[PDB]
Chemist: 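The structure's right below; bear with me while I get my questions together.
Residue numbers start at 1 and run along the sequence shown.
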Amino acid sequence: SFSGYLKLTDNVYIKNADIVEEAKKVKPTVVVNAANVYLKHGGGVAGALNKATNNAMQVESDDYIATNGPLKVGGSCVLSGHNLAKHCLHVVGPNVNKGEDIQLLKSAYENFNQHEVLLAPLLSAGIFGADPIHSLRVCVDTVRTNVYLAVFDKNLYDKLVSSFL
């Protein structure tokens with residue numbers, strides 16, 4: 001299972017790791033993708049996860065959008081995890097760079113509660129523009145299921161651990 005994680009709370013764990021490499025190693029039941037409403041996996045975590053699936057995640061996502069239309073900001077959908085996980089939970093956190101409501105970050109994390117254990121990135125962090133320290137705080141205050149957070153950046157990982165209340 002998951003190894004080398006720092007325990008933050010009863011159910012939240014964190015590690016300085018590339019989520020793609022972590023998924024390939026563990027092959028968790030659920031890997032969370034930092035998705036946008038259109039499931040266009042262009043950059044950040046989404047681009048990296050999609051590239052690891054040889055674009056199979058994007059092909060599957062385009063069919064999902066053609067059938068169902070876009071997701072809501074704060075919403076999610078469960079699709080295949082391809083070669084990374086059993087499933088991928090595509091969760092849309094607010095993108096601060098697109099002027100989206102940061103209050104929707106709690107709604108986005110609530111999607112994790114439908115899964116007993118997940119490998120995940122910090123929602124709305126990275127290219128989504130939110131403060132990762134705030135994302136971690138919303139995560140521990142919202143997620144009740146077991147969440148294993150993969151933080152790509154070492155310097156950000158250290159800042160998150162050292163500042164965790």
Chemist: Are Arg137 and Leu165 close enough that some pair of their side-chain heavy atoms sits under 4.5 Å apart?
Modeler: yes
Chemist: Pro70 and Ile65: which non-hydrogen atoms are nearest, and at how many Å?
Modeler: CA-CD1, 3.9 Å
Chemist: Evaluate the side-chain proximity of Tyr109 to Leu122: yes if any heavy-atom separation is below 4.5 Å, no if none is.
Modeler: yes
Chemist: So for atom CD, which belongs to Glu21, do other residues, nucleotides or ligands contribute more than 12 heavy atoms lying within a distance under 6.0 Å?
Modeler: yes
Chemist: Which heavy atom in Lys15 sits nearest to a heavy atom in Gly4, and how many Å separate them?
Modeler: CG-O, 3.5 Å
Chemist: Donor-acceptor pair, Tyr157 side chain versus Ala17 backbone, under 3.5 Å?
Modeler: no
Chemist: Please answer whether the main-chain N or O of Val59 pairs with a side-chain N or O of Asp62 as donor and acceptor at a distance below 3.5 Å.
Modeler: no
Chemist: Count I, L, V, M, F, W, Y as connected when their side-chain heavy atoms are under 4.5 Å apart, and connections chain through other members. Are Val140 and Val91 then in the same cluster?
Modeler: yes
Chemist: Could you give the distance from CG (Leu79) to CG (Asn33), rounded to the nearest 0.5 Å?
Modeler: 9.5 Å
Chemist: If you group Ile, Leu, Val, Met, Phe, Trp and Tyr by side-chain heavy-atom gaps below 4.5 Å, do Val32 and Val92 land in one group?
Modeler: no
Chemist: So among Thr145, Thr29, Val30, which one has a side chain to side chain contact (heavy atoms under 4.5 Å, CB included) with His115?
Modeler: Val30
Chemist: Indicate yes or no: at least one non-hydrogen side-chain atom of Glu60 is less than 4.5 angstrom from one of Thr53.
Modeler: no
Chemist: Donor-acceptor pair, distance only, cut-off 3.5 Å: does the side chain of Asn16 make one with the backbone of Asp158?
Modeler: no
Chemist: Within a 6.0 Å radius of atom CG on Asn54, are there more than 12 heavy atoms belonging to other residues, nucleotides or ligands?
Modeler: no
Chemist: Indicate, with yes or no, if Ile127 and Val96 share a hydrophobic cluster defined by side-chain heavy-atom contacts under 4.5 Å among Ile, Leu, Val, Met, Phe, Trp and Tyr.
Modeler: no
Chemist: Would a 4.5 Å heavy-atom cut-off, applied to side chains only, mark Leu89 and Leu118 as touching?
Modeler: yes
Chemist: Does a side-chain heavy-atom distance below 4.5 Å link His41 with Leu49?
Modeler: no
Chemist: Measure across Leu156 and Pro132 and return the closest heavy-atom pair with its distance rounded to 0.1 Å.
Modeler: CD1-CG, 3.4 Å
Chemist: Can you name the nearest heavy-atom pair linking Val20 to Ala52, along with the distance?
Modeler: CG1-CB, 3.5 Å
Chemist: Can you measure from CG (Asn50) to CG (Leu39) and round to the nearest 0.5 angstrom?
Modeler: 10.5 Å
Chemist: Quick one: do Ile102 and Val138 end up in the same hydrophobic cluster if we chain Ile, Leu, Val, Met, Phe, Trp and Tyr together by side-chain heavy atoms under 4.5 Å apart?
Modeler: yes
Chemist: If I take atom CG from residue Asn11 and atom CZ from residue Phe112, how far apart are they, to the nearest 0.5 angstrom?
Modeler: 11.5 Å
Chemist: What's the spacing between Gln58 CD and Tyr64 OH if we round to 0.5 Å?
Modeler: 14.0 Å
Chemist: Taking the inter-plane angle between the rings of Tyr13 and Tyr148 on a 0 to 90° scale, is it parallel (under 30°), tilted (30 to 60°) or perpendicular (over 60°)?
Modeler: parallel
Chemist: Any idea which heavy atoms bring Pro94 and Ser124 closest together, and the distance?
Modeler: O-OG, 2.7 Å
Chemist: Are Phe2 and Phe152 grouped together when hydrophobic residues (ILVMFWY) are joined by side-chain heavy atoms under 4.5 angstrom apart?
Modeler: no
Chemist: Rounded to the nearest 0.5 Å, what separates atom OG in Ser1 from atom NZ in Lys25?
Modeler: 10.0 Å
Chemist: Is the backbone N or O of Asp10 less than 3.5 Å from a side-chain atom of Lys7, with the two atoms forming a donor-acceptor pair by type?
Modeler: yes
Chemist: Return the CG to NZ distance between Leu104 and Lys72, rounded to the nearest 0.5 Å.
Modeler: 11.0 Å
Chemist: Quick one: does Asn95's side chain have a donor or acceptor within less than 3.5 Å of a partner on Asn36's backbone?
Modeler: no
Chemist: Are side-chain heavy atoms of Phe164 and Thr9 found at a separation under 4.5 Å?
Modeler: yes
Chemist: Looking at side-chain heavy atoms only, is the closest gap between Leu160 and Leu149 below 4.5 Å?
Modeler: no
Chemist: Just by distance, do the side chain of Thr142 and the backbone of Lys106 share a donor-acceptor pair under 3.5 Å?
Modeler: no
